[PDB]
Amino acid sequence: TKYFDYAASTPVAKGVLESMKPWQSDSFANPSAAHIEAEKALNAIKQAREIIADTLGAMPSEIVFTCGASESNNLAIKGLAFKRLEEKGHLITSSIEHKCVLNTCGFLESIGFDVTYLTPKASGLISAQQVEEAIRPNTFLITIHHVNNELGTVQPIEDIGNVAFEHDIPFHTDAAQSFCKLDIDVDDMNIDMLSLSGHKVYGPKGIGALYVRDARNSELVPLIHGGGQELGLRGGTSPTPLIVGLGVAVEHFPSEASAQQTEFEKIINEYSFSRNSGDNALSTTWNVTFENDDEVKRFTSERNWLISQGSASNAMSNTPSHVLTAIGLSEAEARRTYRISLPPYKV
């Protein structure tokens, strides 16, 4: 009434909710147990894992369940770093990553790791060439997001993956905003690890995944040590309802825009604005800078939309979006800038 903040979270699809229901009280075993009720949960988990693997062009065993892209990003990064506590090393990322990536890299710096935060162009774009130029003898990970959560910018992951392949450096991508929206083939894009989030694709909150190439033989240091779940890479009892719901979300991901809401497209033009990353953004995120404070006032008074201006930490520090300032907007411009996002769909 009206919600235009889909890049922040999405509503659980009816089919997803239904599919979760039998695993609440009807059949509720710990999937680790040795009896038939655990068997049933395990089979349902297998189906979801296969659906996710299929969509990424991966093998089922290469899908590690987590609780979301934040935990996934942490596992990808710390999983490699924590095998290097003595010799340390260098990581390449961007300055416009989600704050979870920025903050995990900040922590790594605090324990002696070196990190380059690549600065975007005004378009929001990170180039493969800049990745290539940042490479050092001790670079051990390149992490670059696929689609930017504030701007919608589609990054050149294939070209970046090519650079990482040419140097035999692991390539991770935060795909929380691209998973299901954009077709992703892990081999075609030379991806080693990929993060995704359930509640960004009409799935439930509290679930996501990390693709890990050759997970069975992976030397990644587990973030959560546990009882053997997820090939020993990710501990904690498998939350069968959340896993099942995630599979259903992926399977029934909307194929057409964004329904009727994404028109929208006939409203927004009654206003004067500049779209940030306008030639490089997905159709479902419109990060827009209105022309002046008077236009902002008109827009917000006429439209009672729930939208977004930047990260929570920026709100707390009373500063503009880190993303907006990285792309070169002034503080005054940032004040007039809003992310209006629409129901995700394929394409």
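Just count from 1 along the sequence shown to find any residue number.
J.: Mean CA temperature factor from the deposited coordinates, higher in 30-38 or in 293-301?
T.: Looking at the recorded C-alpha B-factors, 293-301 comes out higher on average.
J.: If you average the CA temperature factors over each stretch, which comes out higher, 258-266 or 142-150?
T.: Taking the mean C-alpha B-factor of 258-266 and of 142-150, the larger value falls to 258-266.
J.: Sorting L102, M193, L85, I207 by Cα temperature factor from the record, which one lands on top?
T.: Among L102, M193, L85, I207, the highest C-alpha B-factor in the entry belongs to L85.
J.: Report the option among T93, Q130, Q229, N74 whose CA atom has the maximum B-factor in the deposited record.
T.: Most elevated C-alpha B-factor of the set, per the entry: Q130.
J.: Taking only the Cα B-factors deposited for this chain, tell me whether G15 sits in the lowest, middle or highest third.
T.: Middle third.
J.: Within this chain's modelled residues, let me know which third the CA B factor of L125 belongs to: lowest, middle or highest.
T.: Highest third, going by the recorded CA B-factors of the chain.
J.: Looking at the entry's B-factor column for C-alpha atoms only, identify whether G161 ranks in the lowest, middle or highest third of its chain.
T.: For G161, the deposited C-alpha B-factor lands in the middle third.
J.: Going by the CA temperature factor in the PDB record, which third of the chain does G106 belong to: lowest, middle or highest?
T.: As the PDB entry reports it, the C-alpha B-factor of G106 lands in the middle third of its chain.
J.: Using the B-factor values recorded in the entry, state whether the Cα atom of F273 falls in the lowest, middle or highest third among the modelled residues of its chain.
T.: According to the entry, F273 has a C-alpha B-factor in the chain's highest third.
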